[PDB]
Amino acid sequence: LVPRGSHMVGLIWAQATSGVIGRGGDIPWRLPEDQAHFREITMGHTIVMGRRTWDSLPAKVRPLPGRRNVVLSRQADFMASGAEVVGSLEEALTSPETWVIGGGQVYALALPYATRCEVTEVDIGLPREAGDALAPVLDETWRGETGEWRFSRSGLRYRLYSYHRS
């Protein structure tokens, strides 16, 4: 459970088996099971994203509904209609439960404060290319639960991981 006086920080991302999460300003696959899982985990909570992840959402869909949207930017003139733009994790992590929803820069920024990671891994061979966004690497303070391989309606294998630490 999450006490209302606490500040719990989780990271949620989907990756190829290579660790790639983003390429050319987008996610280089689509997986409906992952979209549903992302919604199930984050609904009702604050979501924090980097400015480039805000840019990657079509204007018509943002801010993502049912969640307080917070965008990290260092640009004093960047504005996100419907959402709050802050310049640091300190300002972004004021809710009792926050999910950092990407991308690569912001996962690495938020990892020192996080105690949970929820990962979808898609079994698509997408090797790391220059400029890709990548999943954060998790050291031995993290302990993980790895689900068995499942099979999507779209014909891709995928599996879920849940990581925790103190």
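Under this definition, the rigid core comprises the largest set of C-alpha atoms superposing within 1.5 Å between the forms. The numbering used is simple: start at 1 and walk along the sequence shown.
Each structure in 9 other deposited structures of this protein is fitted to the shown form on the rigid core, and of 150-158 and 8-16 the C-alphas lie farther away on average for 150-158. After a core fit, the C-alpha atoms in 9 other deposited structures of this protein lie farther on average from the shown form in one of 140-148 and 18-26, namely 18-26.
Set 106-114 against 27-35 and average the Cα temperature factors; 27-35 ends up higher. Averaged over Cα atoms, the B-factor as recorded in the entry is higher for 89-97 than for the other of 74-82 and 89-97.
Between the residues 122, 43, 135, 64, it is 135 that shows the highest Cα B-factor in the PDB record. When the CA B factors of the chain's modelled residues are split into thirds, the value for residue 49 lands in the lowest one. Annotation for residue 69: CA B-factor lies in the lowest third of the chain's modelled residues. Among the modelled residues of the chain, residue 157 sits in the lowest third by CA temperature factor in this PDB entry. Ranked by Cα temperature factor within the chain, residue 130 sits in the highest third according to the deposited record.
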